[PDB]
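Dropping the structure in here first, questions after.
So that you can tell them apart, the chains are marked A, B, C, D, E and F in the order they are listed, and the count of residues begins at 1 in each.
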Amino acid sequence: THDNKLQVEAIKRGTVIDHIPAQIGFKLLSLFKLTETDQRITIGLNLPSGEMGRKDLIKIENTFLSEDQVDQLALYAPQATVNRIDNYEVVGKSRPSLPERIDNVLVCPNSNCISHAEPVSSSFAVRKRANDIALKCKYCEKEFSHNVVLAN
Amino acid sequence: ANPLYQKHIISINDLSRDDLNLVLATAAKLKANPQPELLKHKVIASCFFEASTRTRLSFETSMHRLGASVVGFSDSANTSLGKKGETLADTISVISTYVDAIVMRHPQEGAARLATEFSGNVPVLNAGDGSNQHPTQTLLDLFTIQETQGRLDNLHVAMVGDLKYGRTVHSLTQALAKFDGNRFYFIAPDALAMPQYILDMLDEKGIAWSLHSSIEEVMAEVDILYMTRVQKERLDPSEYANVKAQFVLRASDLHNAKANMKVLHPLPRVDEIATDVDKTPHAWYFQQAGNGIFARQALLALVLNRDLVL
Amino acid sequence: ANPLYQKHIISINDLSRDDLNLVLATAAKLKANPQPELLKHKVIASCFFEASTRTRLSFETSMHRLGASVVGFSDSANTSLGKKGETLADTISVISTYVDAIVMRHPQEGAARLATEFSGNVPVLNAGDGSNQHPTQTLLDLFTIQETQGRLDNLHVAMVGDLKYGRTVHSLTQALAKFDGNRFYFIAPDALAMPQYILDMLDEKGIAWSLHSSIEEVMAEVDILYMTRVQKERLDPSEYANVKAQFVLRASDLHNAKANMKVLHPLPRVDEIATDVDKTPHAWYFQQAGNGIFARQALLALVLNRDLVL
Amino acid sequence: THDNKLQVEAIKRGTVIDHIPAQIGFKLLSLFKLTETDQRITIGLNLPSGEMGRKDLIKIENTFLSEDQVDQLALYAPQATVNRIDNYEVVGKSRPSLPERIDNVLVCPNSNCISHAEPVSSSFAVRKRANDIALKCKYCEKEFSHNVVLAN
Amino acid sequence: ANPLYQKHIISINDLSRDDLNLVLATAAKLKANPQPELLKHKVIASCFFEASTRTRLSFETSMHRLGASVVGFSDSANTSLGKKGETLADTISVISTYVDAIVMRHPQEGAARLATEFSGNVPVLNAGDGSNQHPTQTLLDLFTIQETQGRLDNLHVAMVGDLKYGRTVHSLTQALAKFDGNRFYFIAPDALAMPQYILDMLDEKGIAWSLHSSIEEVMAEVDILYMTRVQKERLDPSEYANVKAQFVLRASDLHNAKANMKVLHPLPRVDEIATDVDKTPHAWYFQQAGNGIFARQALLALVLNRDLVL
Amino acid sequence: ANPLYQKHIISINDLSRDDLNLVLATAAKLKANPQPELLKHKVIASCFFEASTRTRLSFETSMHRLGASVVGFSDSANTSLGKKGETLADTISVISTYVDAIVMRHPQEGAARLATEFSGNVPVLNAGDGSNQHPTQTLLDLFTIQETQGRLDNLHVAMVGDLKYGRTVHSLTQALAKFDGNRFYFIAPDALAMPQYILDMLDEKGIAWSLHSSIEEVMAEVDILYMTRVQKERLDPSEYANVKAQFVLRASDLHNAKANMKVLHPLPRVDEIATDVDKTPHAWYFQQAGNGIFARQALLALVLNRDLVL
């Protein structure tokens, strides 16, 4: 990120989710179970920035993401920027592109979906609307505003 | 190698126009020339986790019309196998090791869809999942609509009753909205109006529709008058008291009906269609039911057979 | 003239080693080469006085796999025929005048045995009588154990769960205790231990067994890990709360499992086997269920046929 | 001491939970809702050591813990120590000894206990039986082994 | 005697504003200075043909707070009194020979009024008749509003939820439509919107009302926020989920809530009011349930006590 | 006021020995010299979320023996109060606005303690919460022992039956573990043995206990023989039959029974105590049920009456 004095270092063969909103950081570690490994991961919840001020920052080392795994980040930091990196150099830096689907992480607001009690990882069809994202469940086939799906 | 061979039958949303046709074509062939030993040696599970006599018997009868055997069950006083607790997934991983195809009805949406994730190579036909789909009797409504109108295009379709909750009208409408020329008439009180996600999909496809309050203002141009039931137990007594006489059909309301006009109703009708309409030539609901045998047959013969001698 | 021809099928205690074999041999023959019209023209009663979906459908399916017809019933909201009151004896003297063999399940021990005293010449197969026997799915467990291990001798068998009350483990154990070399492992809390009348019979036959507390202390030498359910509704909530995580199997507890090791469970499993084990190669419970079709088939083909062309 | 190899650089006065066993650092962030805050929060997991080898380690920049908070961690992070550091100088090393009352982060393994459906927080009476810590449900008054409560 | 002496409380429409104020006043007298033997020796019938634990408990406690005796029944599987399907009238006709007053709850609209034409000289207080009235509930609601606002005129009153079906809602609205300057805000899903019949009545009496889809739209200006329970059956699950937010309160939604705003709810609240709202000073649903005791006491006092002292 | 004034009786562990003696003492005062108007004007809630006719009848009679009023409910098919599945807390939160004390029975362990964190200032007395506590039962048991033995120290107390699950058993044991010199004899089938958690507690406080499989083994030395009901479901029938004898009393087993031995039983007794035991002078189970009236009276008196005179 921008600013470096008494901060963290850098890596060699790992990704760096930079520019992630405040509070949404930890959640991204939860929703996607990233800490669930042995790779040296480092976080920066509430960091110094230029435009957005305090952005959380995760740098899981020796771990790579696809153009899609990055797009799973899409709903929780459209601004963010995944940083593939090697030899201390940003080999490539991708951005959250809206996905065509979202599996495992989202829960079906349809209390009557067979999805719940059952041993199946959820799944929705994605489609941007004028002001939001429409998510359609693979099971009950009911569509919901992402504002309601992600809604607790 | 038949298109629907070994393919699951879950949502109308998954069946393309040609799919619908292969089913309705194969249907009439079977009604013209029955293949009674066609599915001989095949065992089929008739699992109704949500009891539903009319559909089940129509379904099972169809199965016997092609020579197959049936094992199954109805209602779930219990929990849906597991002596209570057991996931629908386990009770399907098991059953799927016995039969050649599962026909299922369930009170929860998604049910059949999950099912297909656990029956491996065993085709799962949905006979109704909660308020989601009922592919089955819609492939038979359609069959009925085409048998009597000769076509599924350039039709004038009116729909009455519980349009907000009738899961069969939503399907039929989505189904007909795959062919061209059709015009829709929606007659339902403001309380049970045809939802907007159905109307959007229509406007988005250049398909004409319009709302009306009386059957009389459209009875002259209607080819198919499709009546849905009124989920009475769902309303207030006084409210339904009102919103009735207005959306109830009588043989006299038929005075100006077109010569080729047919009346349909997924059944059962108790308040909606008066009994003095049964005798008029437009009454086609029981004939439509009978047609469930041929739609349900084609579907089974297609899913379980590579290439049919028809 | 087949050994099991027209003979009743009531207790594992009544089936000699060669009996078990003729059934498991005939079984595999039928799974290799099905005889679908074998029992054509035969009518069979599927009487489940104690509802039991999974077993009944597996049983009835088997019946249809050999060409037979089925009439029957499930649960007994009533009293077990007699419009209330009537003895099980009368309701069998009657039924036995219609069908060619009775398949019965009943909540009381002795039921099938009494039955055979009133069906005259009609073979009675027990599909479970109270807490006594369940010959049926034990002839299928065994079939499964031999199909995957190639043998029913010199095996290492571990048994987990409700061993005091699981009527299927008692049977399996008594069943395997008829062949030689087998070694038993009993893993169950002190509360549900394998009874002593089972252990006596073992010591009395020079058969080795031993008690263990963790699957891990035996996972390396186990050929068959046979999991029983935990009659939860039977314990105290806090007690079962404890005696769980200890006797629950997970795919990770499988790290050192033998290459040929199989996991079995009469089903249903909800707490006992984690869902992430299904995908590992040892998971064989659903395949074991499917095997109930072949064991149940052999049994019927044998009882109702003098000499089988196999 | 370790962070002065690939300089993540330690910071002044505050509290820095360190010597947590890897895979048990996301937990505390989660359980004790630690990322619910704003003070300069930095996190590093799967690090190096010796007899442990790895370790998670949260750093809560300037802001202190109670003597007991030092304890609640005792059930999860035994061998570990919160640093009562007063500006770079690691002065005040608090080592969390087993707490006697756990509230909120524990779940009563008793499926019949009143606590579950209702708006109350769990709470148990800690004691080291056979030394394997036996926790008592404030509600059902039933006692289970810490290794039964923790599982799920 | 007092205006309400030996009168009947069937509707919130058969009551005037003097009447109501008269009830609240008395209800305040009794709260401050209780008369525990005011109905000593009187016997009251708590007839709950329809089950309602919280109202029955309340009313009976108000019955014992004045020293009156009590007898009654609840949701009998087969209608209580008569004991065979005899008419409601023959039921009231008898109980009225035994008691000094009747409090009843019946699942049919107009039940209290019909009983009224049979109780002889016996006062009958309506506790609930189908989806029609429920006066005592409105009284305690008005008593709870008037106590905490100091008045019942020129009030900014917002009502959220199942405005379409909630009987307490329609009733409170009609009562407040007896006082002046009241301003209503109504927040509910158009499928559950406030009936026209009411907006039409407010239109006439010249009262200001507006529709809002969100609480935060007027949270700013409200004195009392009266929430309803959207009986989960009133809607299709997925429908419910998508409108759920429209009608649920949390502590954070309170930020810009006036100092004097109390949050009322007829209960049960459980899917509408987050428990964190509880500890806020606005929450007053429990204090509200508490005032049903003084309202019901006041009602009984007046009606069964001639020259009610105060 | 008195030590227990406005206190809560949730567990027999939150009570000391002064406490207990204080309750028995008061219970003796009231038995000898009754005060029928001690709670005149107080209203008590007899909330039996779980059905228990004998305890409810008892407690309510103790409630009317002091002149207090009563309101309450029983085993409602759908949880009482709230009337829809609202939380226990929202339930207590309201009733506490109506009453002066709450007596409740709930099928979930810890129900009385949770209510306690909601009854506001309202005393809640636990009548039974799942398989956890049931203090009032132990009080009357201690009151029945102390009255007929003249003491509660150095007593030879034998306990027979379902020692493993009986909550009254675990509780009496813990209470007597508050006094000195007590010696326990425990006679039950090892499958239903006295939990270690208790023998471990007796081990600490230095109390002598021994295990016996037969009553006649110690009949010789016992003062009080406290029998339990082995809930017939706790065991498999044939299992039950074979252990039945271990725990059943008859008159002839009494021959060498001490002069002072009383035979207690929390009831129901029906499969444990032969009716011939009834007419013996040792039988004291009914006198015991009789003392629940004075124990419950004592409890209510103390708790709702400040300066309890005696």
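We adopt the following convention: contacts are C-beta pairs under 8 Å (C-beta built on N, C-alpha and C of every residue); 3 or more make two chains touch, one makes a residue touch a chain.
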Practice task
Going chain by chain, each one touching the next, work out the least steps from chain B to chain E.
Solution key: 1
Problem - Same-interface partner of D-F, chosen from the options A-B, C-D or A-E, over half of the pairs matching - result: A-B
Practice task
Could you put a whole-Å number on the gap between the CA centroids of chain B and chain F?
Solution key: 61
Problem - Inter-centroid spacing, chain D versus chain C (mean Cα positions, whole Å) - result: 49
Fill in the blank from the handout: Expressed in whole Å, how far the mean CA point of chain B lies from that of chain C is 41
Handout entry: Between chain F and chain C, distance of the C-alpha-averaged centres to the nearest whole Å
Key = 45
Practice task
Among the residues of chain B, pick out those that touch two or more other chains and give their numbers.
Solution key: 87, 109, 131
Exercise for the section: Provide the list of chain D residues touching at least two other chains, using ranges where the numbers run on. Expected result: 110, 112-113, 119, 140, 142
Exercise for the section: If two chains touch, include that pair; go through all of them. Expected result: A-B, A-D, A-E, B-C, B-E, C-D, C-F, D-F, E-F
Practice task
Could you please specify the touching residues of chain C with respect to chain F in the complex?
Solution key: 109, 131, 165, 191, 236-238
Problem - chain C partner contacts - residues on chain D that touch it in the complex - result: 109-113, 140, 142, 144-145, 148, 151-152
Exercise for the section: Within their complex, state which residues of chain A touch chain D. Expected result: 6-9, 23, 25-26, 29-30, 35-46, 54
Problem - Residues of chain C that touch chain D when the two form their complex - result: 237-238, 241-242, 245
Practice task
In the complex, go through chain C and note every residue touching chain B.
Solution key: 36, 51, 53-54, 56-58, 60-61, 64-65, 74-75, 229, 233, 267-270, 278, 286-287, 289-290, 293
